[PDB]
Amino acid sequence: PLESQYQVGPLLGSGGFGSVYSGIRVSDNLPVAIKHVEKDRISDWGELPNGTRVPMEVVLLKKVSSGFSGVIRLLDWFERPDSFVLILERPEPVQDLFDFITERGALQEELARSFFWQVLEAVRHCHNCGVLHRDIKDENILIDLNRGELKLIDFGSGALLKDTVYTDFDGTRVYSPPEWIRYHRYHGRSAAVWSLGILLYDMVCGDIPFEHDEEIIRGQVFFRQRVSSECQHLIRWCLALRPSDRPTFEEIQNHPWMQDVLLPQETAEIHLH
Ligand SMILES: Nc1nccnc1C(=O)Nc1cnccc1N1CCC[C@H](N)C1
C-alpha cells in the first residue's frame, strides 16, 4: 500500500494540476513528492504498453526515464477508485523558478543563461524521447539549490510529440503562442520555442511580456529592464509571429547570447550561495 510505503508531509501546492505533497519514502528516508490527480479532471489520457489507461503524465515520464537530471523522475504510480497517485523525485533544498524570480527580481544575464541553457537541454531530451511538455513556465521549473541543476515538472498538460497540428491545449494561456490564440492550431516545436521566449523574457525582466490576448497577437516586445542587445534579439526571435520564423533548439543554443554557459556547480557557487 501507498500509506505504509510513504510518510506524507505538507502540501507543496494545488491547482489545475491536482494536489502535490512533500513526502518521504519510509524504507530509505528518500525525499519524494506525492501527486494526486482526480480521474474526472484528467485532460490527456495515455495508454501503457500493457493496455491500462493512465494519465498522460505517467506515459510521458516513463518515455523520458534516464540518468538525465533535467527532467523530474517518476519513482512509482498507483491507481485509486477515483484518482491516480504519482510518486516523484524531490530535490532538497529546492525552490521553483517562479518563487526564485519573485524573491530576487530580474536575474543577471549570466544566471539567466545558465538556467535557460539547462531548460533547453531538458526540453531537447523530452522531444528526442517523443514527449511535448506544453506547459513550460517558471512555475514548472525546479531549482536544486545545492547543485545548481534545474528540473522540468508537471507533464500533466503534455502530449506525445507529433509533426501534425495540435487543436487541443490546456497549458498556460500567457505562455501560449498567437496561432493558438487566433486559430486554436499550433505545431509542437514552434509552440515550445514561443513559450521558451516568454520564459527567457521572464527571467531577464522579472515578469512575463504579455498579459492579454491582443498583446500576444501583436507580439510587440517592450523591455522594462536593461537587457543586452544579444539577449533582446534571442527573445524577439523565439517570439516571431510566424511559427516558421522561430529558431530551432539548435539555432537557440548556437545563438551568440548562449555562448560560454556556466556549469551548474559554478552557477550554485556564484549565484545560489
Ligand atoms: N517533484 C517535486 N518536488 C518538489 C516540488 N514539486 C515537485 C512537483 O512535482 N511539483 C508539481 C507537479 N505537478 C504539478 C505542479 C507541481 N508544483 C507543485 C509545487 C509548486 C510548483 N510551482 C508546481
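Quick note: the coordinates plus some simple rules give every number you see, no bench work behind them. So basically every Cβ, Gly included, is an ideal-geometry build from the backbone, and we count neighbours across all protein chains shown.
Worth pointing out:
- In the chain, the DSSP-assigned H stretches of four residues or longer account for a calculated mean residue ellipticity at 222 nm of -9500 deg cm²/dmol, using -39500 (n - 2.57) per stretch and the full residue count as denominator.
- Charged side chains reduced to their Cβ positions (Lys and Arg at +1, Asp and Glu at -1) give the chain a dipole of some 520 debye around its Cα centre.
- Separation between Cα centres of segment 1-58 and segment 234-256, rounded to whole Å: 35 Å
- Arranged from fewest to most other beta-carbon atoms within 10 Å of their beta carbon, 162, 35, 137 become 162, 137, 35.
- Candidates 204, 193, 261, ranked by Gaussian network fluctuation over the chain, Cα under 10 Å, top entry: 261
- Karplus-derived 3J(HN,Hα), 6.51/-1.76/1.60, for each residue of segment 140-147, Hz, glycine and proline x: 9, 10, 9, 10, 7, 4, 7, 9
- Positive end of the dipole of the chain (Cβ unit charges, origin at the Cα centre): among 75, 160, 148, the Cα lying farthest that way belongs to 160.
- Each residue in 40, 135, 213 was given a count of other beta-carbon atoms within 10 angstrom of its own, and listing them fewest first yields 40, 213, 135.
- Taking the empirical scaling 2.2 N^0.38 Å for compact globular proteins as reference, the chain has a Cα radius of gyration ratio of 1.00.
- Rel. contact order, % - alpha carbon contacts under 8 angstrom, at least six apart, the chain: 16 percent
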